[PDB]
file model-v2.txt (compact mmCIF, C-alpha atoms and all ligand atoms)
# COMPACT_ATOMS: atom_id res chain seq x y z
CA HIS E 8 0.00 0.00 0.00
CA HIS E 9 1.10 3.63 -0.78
CA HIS E 10 -1.50 5.32 1.62
CA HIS E 11 1.21 6.71 4.06
CA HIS E 12 1.02 10.25 2.45
CA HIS E 13 -2.68 10.58 3.64
CA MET E 14 -1.31 10.35 7.24
CA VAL E 15 -3.42 12.37 9.79
CA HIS E 16 -2.49 13.22 13.44
CA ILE E 17 -5.15 11.50 15.64
CA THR E 18 -5.73 12.46 19.31
CA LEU E 19 -8.15 10.81 21.78
CA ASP E 20 -11.29 12.62 23.07
CA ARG E 21 -11.25 12.24 26.94
CA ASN E 22 -15.00 13.15 27.04
CA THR E 23 -16.00 9.99 25.07
CA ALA E 24 -13.80 7.57 27.12
CA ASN E 25 -15.19 4.86 29.43
CA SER E 26 -14.67 6.12 33.01
CA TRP E 27 -11.96 3.41 33.68
CA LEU E 28 -9.61 4.55 30.83
CA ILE E 29 -6.41 6.55 31.37
CA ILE E 30 -5.34 8.77 28.44
CA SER E 31 -1.79 10.14 28.33
CA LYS E 32 -1.11 13.93 28.58
CA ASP E 33 -0.38 14.05 24.77
CA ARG E 34 -3.79 12.29 24.10
CA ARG E 35 -1.91 9.64 21.95
CA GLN E 36 -2.03 6.63 24.39
CA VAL E 37 -4.86 4.91 26.29
CA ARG E 38 -4.98 1.95 28.72
CA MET E 39 -7.52 0.28 31.06
CA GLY E 40 -7.13 1.44 34.69
CA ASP E 41 -7.66 -0.97 37.63
CA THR E 42 -10.61 1.23 38.90
CA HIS E 43 -12.95 4.21 38.05
CA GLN E 44 -10.70 7.22 37.05
CA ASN E 45 -12.75 9.77 39.15
CA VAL E 46 -14.37 11.59 36.14
CA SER E 47 -18.03 12.83 36.02
CA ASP E 48 -20.47 10.84 33.80
CA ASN E 49 -21.74 12.43 30.53
CA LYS E 50 -23.94 11.30 27.60
CA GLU E 51 -20.81 10.82 25.36
CA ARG E 52 -19.03 8.12 27.51
CA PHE E 53 -19.11 4.48 26.39
CA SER E 54 -20.64 2.85 29.53
CA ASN E 55 -20.34 -0.97 28.97
CA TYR E 56 -16.91 -1.37 27.27
CA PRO E 57 -13.41 0.16 27.48
CA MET E 58 -13.94 2.30 24.33
CA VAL E 59 -12.91 5.87 23.31
CA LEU E 60 -13.13 7.99 20.12
CA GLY E 61 -10.58 10.15 18.36
CA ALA E 62 -11.34 13.92 18.48
CA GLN E 63 -11.09 14.20 14.65
CA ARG E 64 -14.30 14.05 12.48
CA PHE E 65 -13.99 13.04 8.77
CA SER E 66 -16.77 13.77 6.17
CA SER E 67 -14.60 13.66 2.95
CA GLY E 68 -11.13 12.72 1.63
CA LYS E 69 -8.59 9.98 2.30
CA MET E 70 -7.15 9.46 5.82
CA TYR E 71 -4.49 7.08 7.22
CA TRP E 72 -3.23 6.44 10.74
CA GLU E 73 -1.32 3.66 12.65
CA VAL E 74 -1.95 2.07 16.07
CA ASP E 75 0.53 0.08 18.27
CA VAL E 76 -1.09 -3.10 19.75
CA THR E 77 2.19 -4.63 21.16
CA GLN E 78 1.62 -7.43 23.78
CA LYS E 79 -2.22 -7.00 23.89
CA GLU E 80 -4.48 -10.12 24.12
CA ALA E 81 -7.67 -8.23 23.07
CA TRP E 82 -8.66 -4.96 21.30
CA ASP E 83 -11.00 -3.48 18.65
CA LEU E 84 -9.85 -0.84 16.10
CA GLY E 85 -11.38 1.06 13.20
CA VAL E 86 -13.84 3.94 12.54
CA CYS E 87 -17.45 4.59 13.54
CA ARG E 88 -20.28 7.07 12.89
CA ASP E 89 -20.24 10.10 15.23
CA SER E 90 -23.85 9.08 16.22
CA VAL E 91 -23.11 5.46 17.41
CA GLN E 92 -24.92 4.31 20.59
CA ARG E 93 -22.81 4.98 23.76
CA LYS E 94 -24.92 3.31 26.55
CA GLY E 95 -25.78 -0.37 27.09
CA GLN E 96 -24.89 -3.50 25.07
CA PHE E 97 -24.40 -3.48 21.26
CA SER E 98 -22.51 -5.44 18.55
CA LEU E 99 -19.75 -3.92 16.38
CA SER E 100 -21.28 -4.07 12.84
CA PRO E 101 -21.79 -1.73 9.88
CA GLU E 102 -25.57 -1.82 10.63
CA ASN E 103 -24.75 -0.22 14.06
CA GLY E 104 -22.29 2.32 12.47
CA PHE E 105 -18.89 0.53 13.07
CA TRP E 106 -16.15 -0.58 10.58
CA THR E 107 -13.71 -2.50 12.79
CA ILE E 108 -11.39 -5.49 13.27
CA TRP E 109 -10.40 -7.13 16.53
CA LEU E 110 -8.22 -9.62 18.32
CA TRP E 111 -9.75 -11.93 20.99
CA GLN E 112 -8.78 -15.45 22.16
CA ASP E 113 -5.81 -15.79 19.77
CA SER E 114 -7.90 -15.07 16.63
CA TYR E 115 -8.43 -11.99 14.43
CA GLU E 116 -11.93 -11.21 13.00
CA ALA E 117 -13.55 -8.39 10.98
CA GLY E 118 -16.68 -6.81 12.60
CA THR E 119 -19.17 -7.82 9.88
CA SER E 120 -22.54 -9.37 10.97
CA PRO E 121 -21.90 -12.14 11.45
CA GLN E 122 -18.15 -11.67 11.99
CA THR E 123 -15.51 -12.78 9.40
CA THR E 124 -12.35 -14.85 10.14
CA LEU E 125 -9.10 -13.04 9.21
CA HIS E 126 -5.99 -14.91 7.91
CA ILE E 127 -2.86 -13.40 9.55
CA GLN E 128 0.44 -15.40 9.49
CA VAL E 129 2.47 -12.66 11.31
CA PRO E 130 0.74 -11.38 14.51
CA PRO E 131 0.76 -7.58 14.07
CA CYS E 132 2.47 -5.18 16.56
CA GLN E 133 1.14 -2.14 14.56
CA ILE E 134 -2.06 -1.75 12.45
CA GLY E 135 -2.57 0.79 9.63
CA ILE E 136 -6.17 2.08 9.05
CA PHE E 137 -7.08 3.72 5.67
CA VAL E 138 -10.46 5.47 5.05
CA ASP E 139 -11.60 6.65 1.57
CA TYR E 140 -14.79 8.56 2.37
CA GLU E 141 -15.93 9.16 -1.24
CA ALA E 142 -15.18 5.53 -2.33
CA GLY E 143 -16.91 3.98 0.76
CA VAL E 144 -13.75 1.98 1.79
CA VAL E 145 -12.10 1.11 5.14
CA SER E 146 -8.88 -1.00 4.87
CA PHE E 147 -6.57 -2.47 7.56
CA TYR E 148 -2.85 -3.21 7.01
CA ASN E 149 -0.28 -5.32 8.96
CA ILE E 150 2.65 -2.86 9.46
CA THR E 151 4.77 -5.71 11.08
CA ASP E 152 4.43 -7.77 7.83
CA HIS E 153 5.57 -5.05 5.32
CA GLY E 154 2.07 -3.47 5.15
CA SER E 155 0.21 -6.64 3.98
CA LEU E 156 -3.61 -6.26 3.65
CA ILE E 157 -5.70 -7.60 6.55
CA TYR E 158 -9.22 -6.61 5.48
CA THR E 159 -11.21 -4.22 3.22
CA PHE E 160 -14.81 -3.09 3.94
CA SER E 161 -16.16 -1.84 0.59
CA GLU E 162 -19.58 -0.38 -0.39
CA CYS E 163 -19.60 1.20 3.12
CA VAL E 164 -22.67 3.33 3.98
CA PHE E 165 -21.05 5.79 6.45
CA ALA E 166 -24.28 7.88 6.67
CA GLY E 167 -22.50 10.58 8.75
CA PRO E 168 -19.20 12.03 9.93
CA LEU E 169 -16.67 9.32 10.98
CA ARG E 170 -14.50 9.17 14.11
CA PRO E 171 -11.44 6.99 14.84
CA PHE E 172 -12.64 4.14 17.15
CA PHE E 173 -10.63 2.26 19.89
CA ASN E 174 -11.33 -0.51 22.42
CA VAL E 175 -8.38 -1.41 24.76
CA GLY E 176 -10.39 -4.49 25.90
CA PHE E 177 -10.97 -5.87 29.41
CA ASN E 178 -8.13 -7.21 31.55
CA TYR E 179 -9.81 -10.14 33.40
CA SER E 180 -6.69 -12.28 32.58
CA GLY E 181 -4.01 -9.86 33.92
CA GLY E 182 -2.35 -10.24 30.47
CA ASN E 183 -4.10 -7.33 28.62
CA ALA E 184 -3.00 -4.20 30.64
CA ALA E 185 -0.78 -2.81 27.82
CA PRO E 186 -1.90 0.46 26.11
CA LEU E 187 -3.06 1.25 22.53
CA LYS E 188 -0.67 3.96 21.18
CA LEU E 189 -1.10 6.25 18.15
CA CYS E 190 2.26 5.85 16.28
CA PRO E 191 4.22 8.86 15.02
CA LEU E 192 4.05 10.00 11.36
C1 LIG I 201 -25.80 17.50 31.77
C2 LIG I 201 -25.81 16.03 31.45
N1 LIG I 201 -26.51 15.51 30.50
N2 LIG I 201 -26.58 14.12 30.56
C3 LIG I 201 -25.95 13.70 31.65
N3 LIG I 201 -26.15 12.46 32.24
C4 LIG I 201 -25.27 11.94 33.29
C5 LIG I 201 -24.83 10.52 32.97
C6 LIG I 201 -26.03 9.62 32.71
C7 LIG I 201 -26.86 10.19 31.59
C8 LIG I 201 -27.30 11.61 31.90
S1 LIG I 201 -24.87 14.88 32.35
call {"tool": "encode", "arguments": {"input": "model-v2.txt", "output": "structure tokens", "more": "lines below"}}
Ligand SMILES: Cc1nnc(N2CCCCC2)s1
result
Amino acid sequence: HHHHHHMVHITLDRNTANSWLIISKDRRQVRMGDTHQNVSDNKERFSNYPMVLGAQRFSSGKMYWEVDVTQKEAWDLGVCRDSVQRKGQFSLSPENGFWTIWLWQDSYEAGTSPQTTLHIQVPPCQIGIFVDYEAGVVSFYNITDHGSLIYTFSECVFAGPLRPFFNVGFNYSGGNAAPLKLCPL
């Protein structure tokens, strides 16, 4: 892929974060805390899952960013509609306004409904995410394996502004404490 030149600087929006998340001062890293992080509740916060949005909203153009997933057991990454549901239980699907992939229990899947098995020979330490708004495309790349394609959502119906989407995952196992990090351009 030659999408690197559409690189955008993503920062995390504290106001959308689950109340257990800890975002770094530079707003480029997020991890699950061991308790409530002493913030007030608001209608933006994801209540049921350790999720947060990027501050940036995209309604046109081509955008690229990279996320570090080193030593994590579980995570979700991608984009979502600005108007996705925040409270209660929901599935990650395009019908619900999400275009995502995840790791959980030693397998990688795309967030279609129902979900799709991914075929990854080299476990990624960094993921590239490419959005072509006009084309209706969201693609995921394995930076660790020379930028190899993971998955393409095509014929996407975004139906609104898009926001970068993150889930650091739970840490029931004690093996998933590591952060998600937005990698430098
Ligand atoms: C002013 C505000 N508007 N909505 C708020 N909520 C507090 C958290 C639960 C949902 C209701 S704060």
call {"tool": "closest_atom_pairs", "arguments": {"input": "model-v2.txt", "of": "chain E", "to": "ligand LIG 201 (chain I)", "cutoff": "7 Å", "atoms": "only C-alpha atoms and all ligand atoms", "output": "Markdown table"}}
result
| residue | atom | partner | partner_atom | distance |
| --- | --- | --- | --- | --- |
| E:48 | CA | I:LIG201 | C5 | 4.4 |
| E:49 | CA | I:LIG201 | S1 | 4.4 |
| E:50 | CA | I:LIG201 | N2 | 4.9 |
call {"tool": "write_last_selection", "arguments": {"input": "model-v2.txt", "atoms": "C-alpha atoms", "output": "mmCIF file, in the coordinates of the input"}}
result
data_model
loop_
_atom_site.group_PDB
_atom_site.id
_atom_site.type_symbol
_atom_site.label_atom_id
_atom_site.label_comp_id
_atom_site.auth_asym_id
_atom_site.auth_seq_id
_atom_site.Cartn_x
_atom_site.Cartn_y
_atom_site.Cartn_z
ATOM 1 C CA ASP E 48 -20.470 10.840 33.800
ATOM 2 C CA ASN E 49 -21.740 12.430 30.530
ATOM 3 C CA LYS E 50 -23.940 11.300 27.600
#
call {"tool": "closest_residue", "arguments": {"input": "model-v2.txt", "among": "E:86, E:136, E:91, E:156", "to": "residue 118 of chain E", "atoms": "all atoms listed in the file"}}
result
E:86
call {"tool": "closest_residue", "arguments": {"input": "model-v2.txt", "among": "E:13, E:79, E:70, E:34", "to": "residue 177 of chain E", "atoms": "only C-alpha atoms"}}
result
E:79
call {"tool": "residues_near_point", "arguments": {"input": "model-v2.txt", "point": "(-13.3, 8.3, 25.4)", "cutoff": "8 Å", "atoms": "all atoms listed in the file", "output": "compact mmCIF listing (two decimals) with C-alpha atoms, in the frame of the given file"}}
result
# COMPACT_ATOMS: atom_id res chain seq x y z
CA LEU E 19 -8.15 10.81 21.78
CA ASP E 20 -11.29 12.62 23.07
CA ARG E 21 -11.25 12.24 26.94
CA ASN E 22 -15.00 13.15 27.04
CA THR E 23 -16.00 9.99 25.07
CA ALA E 24 -13.80 7.57 27.12
CA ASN E 25 -15.19 4.86 29.43
CA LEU E 28 -9.61 4.55 30.83
CA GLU E 51 -20.81 10.82 25.36
CA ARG E 52 -19.03 8.12 27.51
CA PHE E 53 -19.11 4.48 26.39
CA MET E 58 -13.94 2.30 24.33
CA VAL E 59 -12.91 5.87 23.31
CA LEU E 60 -13.13 7.99 20.12
CA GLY E 61 -10.58 10.15 18.36
call {"tool": "residues_around", "arguments": {"input": "model-v2.txt", "residues": "residue 78 of chain E", "least_positions_apart": "6", "cutoff": "10 Å", "atoms": "all atoms listed in the file", "output": "VMD selection string"}}
result
chain E and resid 131 to 132 182 to 187
call {"tool": "closest_residue", "arguments": {"input": "model-v2.txt", "among": "E:166, E:144, E:110, E:87", "to": "residue 127 of chain E", "atoms": "all atoms listed in the file"}}
result
E:110
call {"tool": "atom_distance", "arguments": {"input": "model-v2.txt", "atom1": "atom CA of residue 189 of chain E", "atom2": "atom CA of residue 169 of chain E"}}
result
17.4 Å
call {"tool": "atom_distance", "arguments": {"input": "model-v2.txt", "atom1": "atom CA of residue 98 of chain E", "atom2": "atom CA of residue 167 of chain E"}}
result
18.8 Å
call {"tool": "residues_near_point", "arguments": {"input": "model-v2.txt", "point": "(2.0, 7.5, 16.1)", "cutoff": "8 Å", "atoms": "all atoms listed in the file", "output": "MDAnalysis selection string"}}
result
chainID E and resid 16 35 72:75 188:192
